[PDB]
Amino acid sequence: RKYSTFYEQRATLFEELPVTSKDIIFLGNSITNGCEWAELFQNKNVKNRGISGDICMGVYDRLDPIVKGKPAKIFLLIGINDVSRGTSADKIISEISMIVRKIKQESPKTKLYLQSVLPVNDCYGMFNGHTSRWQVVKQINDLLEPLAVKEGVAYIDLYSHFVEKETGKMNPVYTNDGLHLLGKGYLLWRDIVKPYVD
């Protein structure tokens, strides 16, 4: 109920806001939703198309008001809420490939950047549906990078910078719940992807 009403609130607002060929789109779930992307990059062309709670088919169904504008770049980060529903990495990758093919077909000039699913951590005892499945994150990214080269789009490895090598979980310094990012976490993200924005 809460996800579906909030999804409709954001999606109908996105239909009222025009995308143009100069735009850089950050597309994803709550981890994308939570940032002021245009402020983070001091770039009037960076736009937030994140929706808290979103899943792969959720993004796919709302692509039209985005690809219609033929944006310059799209940065996609999606999948963790499908994990928390018990969906397998195989099925998640096939849904992500559906998203990739649609964007290429409807806006072939758009540069698409596939971002690694971020690690999670169960240390704070929250989002147990998500954090209890922290092993699935690597399974997804192991398939996601080959999908990127197979489809001729870019793969960006955020995972390696956020993960704790010794544990495979997200470094607690970047989060206060095991899933979402503190301000410092978005600063690190900015440092990794800034070259692809300019």
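Each residue number is its position in the shown sequence, starting from 1.
Trainee: For the stretches 53-61 and 149-157, which has the higher mean C-alpha B-factor as given in the deposited record?
Mentor: It is 149-157 that shows the higher mean C-alpha B-factor.
Trainee: Taking only the CA atoms, which stretch has the higher mean B-factor in the record, 14-22 or 177-185?
Mentor: For C-alpha atoms only, the mean B-factor is higher in 14-22.
Trainee: Which one of 121, 81, 105, 116 shows the biggest C-alpha B-factor in the PDB entry?
Mentor: In the PDB entry, the greatest C-alpha B-factor among 121, 81, 105, 116 is found at 105.
Trainee: By the entry's C-alpha temperature factors, tell me which of 170, 46, 35, 143 sits highest.
Mentor: Of 170, 46, 35, 143, 143 has the highest C-alpha B-factor.
Trainee: Please place residue 135 in the lowest, middle or highest third of its chain according to the CA B-factor in the PDB entry.
Mentor: Its C-alpha B-factor belongs to the highest third of this chain's values.
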